[PDB]
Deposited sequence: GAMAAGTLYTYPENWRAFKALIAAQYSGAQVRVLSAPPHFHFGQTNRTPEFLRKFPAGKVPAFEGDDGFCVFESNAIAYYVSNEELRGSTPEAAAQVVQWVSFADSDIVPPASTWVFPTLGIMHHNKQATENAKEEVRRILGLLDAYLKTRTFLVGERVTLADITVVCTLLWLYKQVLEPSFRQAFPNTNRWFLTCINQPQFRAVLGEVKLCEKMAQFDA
């Protein structure tokens, strides 16, 4: 059977999105409860005091958005062979190490989460172009990142790119990456994705 339990998080959290989308595919039953992340009981279950955090109905506890998404996934989203599973870890790790930092820097001043810094965002723009370009060459001949089907790899990389595409990747900026754009559009228009993300509108005019 698949997992069933409670996911502690604030909504509008892209890290939580990864697990929720994954559960749409797997049929895991995941109840979302807001966050308390400093009370002894919470720290008892989730020592690091981070959200998202997952408690199974059988009492199993896990934290880190990657581990939670892994847990409520099925074998196909995880990678049904050791090669495919290693490629999943590969893209997940690349999203964390290479995409999250410049993505934050750029999209944060447009969502009010960080203050504007013109040159900081110009620097971030460049690093984002390199990442979009890398994905573009890779996806030139591929439907998805790993094998022939959506995996955690796509889910993870899409969610990490989600706010960029909504807020700042305006037409002229993204036009150099038609393959990345198509792959992104193909993912977010899946029922499983729309179920969590709703109807995503690609950026119109660089915010």
| So which bits of the deposited sequence did not make it into the model? | 1, 37-44, 217-220
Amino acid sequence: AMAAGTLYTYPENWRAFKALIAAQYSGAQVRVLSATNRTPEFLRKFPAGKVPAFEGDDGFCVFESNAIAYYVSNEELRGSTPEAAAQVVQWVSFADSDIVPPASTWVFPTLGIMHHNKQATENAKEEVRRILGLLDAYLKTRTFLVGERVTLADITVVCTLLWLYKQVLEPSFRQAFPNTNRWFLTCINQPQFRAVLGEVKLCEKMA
From here on, numbers count along this sequence of modelled residues.
| query | Looking at the deposited entry, does 105-113 or 70-78 carry the larger mean Cα B-factor? | reply | 105-113
| field | Segment of higher mean CA temperature factor, 154-162 or 48-56 | value | 48-56
| request: Compare the CA B factors listed in the entry for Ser172, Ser65, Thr180, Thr143 and report the winner. | output: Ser172
| field | Maximum C-alpha temperature factor, selected from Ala176, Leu139, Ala35, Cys61 | value | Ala35
| request: Sorting the chain's modelled residues by C-alpha B-factor, tell me whether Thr9 ends up in the lowest, middle or highest third. | output: highest
